[PDB]
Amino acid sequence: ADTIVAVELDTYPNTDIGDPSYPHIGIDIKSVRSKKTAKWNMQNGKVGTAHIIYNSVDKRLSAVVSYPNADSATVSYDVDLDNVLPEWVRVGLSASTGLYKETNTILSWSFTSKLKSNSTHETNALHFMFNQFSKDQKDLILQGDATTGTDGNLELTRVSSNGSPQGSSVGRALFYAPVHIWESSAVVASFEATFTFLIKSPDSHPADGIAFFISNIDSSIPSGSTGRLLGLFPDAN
């Protein structure tokens, strides 16, 4: 199966798979059953921003999510990602809907990864920044229902022509280039990711959420991973 590390922005509480009884941000290490969560005061129809950070010295995966005019939510988990993920990965965004639904619109996405070796200084890096997405966005691998270019955004899940979100949808976008997160000469490896999103629903109970994830390079959407599985996991184990 794939290997997944993710930060979930989980809009729907599924208490039988360990969700708390409220929308939450969570750190997912090879399971949808988050290793750590924090309450997230999700705002339907507002643009929010998520930040994810990690480095190999501290071995702590941390995330922060906020909206304008509001306090932030944060979660952290101690994990050595070199013991979870392969040396080469892809990075992506995933989202889903089920019988409950929402738009999962990405307005911007940036990522920076650095590997500093013991040669003088000496730095290896990848950075990308999307503030618009066009119809044929050749540096993204789109999976499932994901599309680019409508209002210049990345729509991870299906939206009707009128703009209404659809249920039973899953989609992902992965950056085209593989990312090197460990190398034998590295003395420090780090990454940072940011994305801005708009989750809107006509309903009092939106579902299911958006995640930033890191995977094996050949990761694909698991069968049946609509809804609570966030397009990331094949089951709720």
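Residue numbers here begin at 1 and follow the sequence given.
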Worksheet item: Out of 79-87 and 148-156, which stretch has the higher average CA B-factor listed in the record?
Response: 148-156
Worksheet entry | Mean C-alpha temperature factor, higher of 38-46 and 206-214 | 38-46
Worksheet entry | Out of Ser185, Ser169, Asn55, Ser66, highest CA B-factor residue | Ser185
Item to complete: Quick one: classify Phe175 as lowest, middle or highest third of the chain based on its Cα B-factor.
Response: lowest
Worksheet item: Would the CA B-factor of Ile17 place it in the lowest, middle or highest third of its chain?
Response: highest
Worksheet, complete the sentence: On the chain's distribution of Cα B-factors, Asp139 falls within the third called middle
Worksheet item: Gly98's Cα B-factor: lowest, middle or highest third of the chain?
Response: middle
Worksheet item: Taking the C-alpha B-factors as the PDB entry records them, is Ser119 in the lowest, middle or highest third of its chain?
Response: highest
